[PDB]
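A quick write-up on the structure given underneath.
Cβ coordinates were reconstructed from backbone atoms using ideal geometry, including for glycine residues, and neighbour counts include every protein chain displayed. Bear in mind these aren't lab numbers, they're just calculated from the coordinates by the rules spelled out.
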Amino acid sequence: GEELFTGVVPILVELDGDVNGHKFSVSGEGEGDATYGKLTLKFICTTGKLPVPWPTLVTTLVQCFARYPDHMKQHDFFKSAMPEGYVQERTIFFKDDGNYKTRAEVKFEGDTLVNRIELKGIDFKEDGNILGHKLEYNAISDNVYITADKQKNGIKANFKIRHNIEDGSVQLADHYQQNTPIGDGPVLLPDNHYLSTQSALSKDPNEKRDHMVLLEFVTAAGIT
């Protein structure tokens with residue numbers, strides 16, 4: 001499982017979304033290098049204009065690429081589930097606004113690590129920060145707090161993302177996450193720890209489609 005990540009691995013992401021009945025699709029390509037916790041990705045809205053802010057999709061759009069320090073390798077659930085993969089589900093509660101519910105399957109297709117996602121968003125405000133596009137195209141950085149879930153043979157996680165709003169304020173997105181293996185083989189059930197994650201968002205100056213370029217670092221921590 002871990003051996004599948006010792007080099008650079010191609011990534012494919014495919015997302016189908018429906019937020020308040022606004023339907024859209026995103027496709028992504030890039031590479032991950034778990035040795036350095038490093039991800040480089042480019043996403044394109046294939047249906048036209050994205051109806052929500054790109055920053056709100058970052059966490060949805062492959063924590064198997066986390067750098068787990070040598071001394072914490074027995075706590076890496078994500079790679080232990082490979083190549084068969086895992087289901088990753090979230091509910092993301094946007095404070096004073098709607099929620100996303102996401103279901104994804106993360107697995108290998110040949111040599112390529114694939115993340116296939118369905119996203120459903122409901123109860124958003126038409127002129128809120130999300131459907132009104134009031135969030136700054138700004139990096140996000142925070143800690144993903146992971147705990148074991150023995151009853152599902154997987155993990156749970158929780159974290160908060162504070163998205164900057166255009167007026168200087170913050171739009172909180174409270175994340176609740178569950179991962180469960182797809183295969184029936186043994187997986188690593190971790191002690192409590194976190195992934196320290198930083199995502200830098202940018203634009204391809206030659207790209208005319210609605211898109212997002214990401215450079216992301218992911219590092220496991222919190223166990224000495």
### Message
Kindly evaluate residue 130 against the criterion of being surrounded by 15 or more Cβ atoms within 10 Å (Cβ to Cβ), farther than 22 Å from residue 72 by Cα, out of contact with any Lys or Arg (no Cβ under 8 Å at 6 or more places or on another chain) and not acidic (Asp, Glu).
### Response
yes
### 1 or more residues among the hydrophobic types (A, V, I, L, M, F, W, C) and more than 24 Å from residue 128 (Cα to Cα): qualifying strands (runs of 3 or more DSSP E) within the stretch 153-224
154-164, 193-202, 211-221
### Task
Output the residue which, of all residues in the stretch 13-24 that are surrounded by 15 or more Cβ atoms within 10 Å (Cβ to Cβ) and of a type outside the set (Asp, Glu), is nearest to residue 187 (Cα to Cα).
13
### Task
For residues that are more than 17 Å from the chain's Cα centre (by Cα) and either of a type in the set (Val, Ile, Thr) or at negative phi (or both), tally how many sit in the stretch 10-38.
7
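Conditions (1) in contact with a strand residue (DSSP E or B) (Cβ under 7 Å, 6 or more places away or on another chain); (2) within 19 Å of residue 179 (Cα to Cα); (3) surrounded by fewer than 22 Cβ atoms within 10 Å (Cβ to Cβ); (4) not polar (S, T, N, Q), marked per residue:
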residue	(1), (2), (3), (4)
1	no, yes, yes, yes
6	no, no, yes, no
45	yes, no, yes, yes
65	yes, yes, no, yes
80	no, yes, yes, no
88	yes, yes, no, no
93	yes, yes, yes, yes
96	no, no, yes, yes
### Single match in 59, 40, 47 (criterion: within 14 Å of residue 201 (Cβ to Cβ) and either in a loop (DSSP other than H, G, I, E, B) or basic (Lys, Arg) (or both))
59
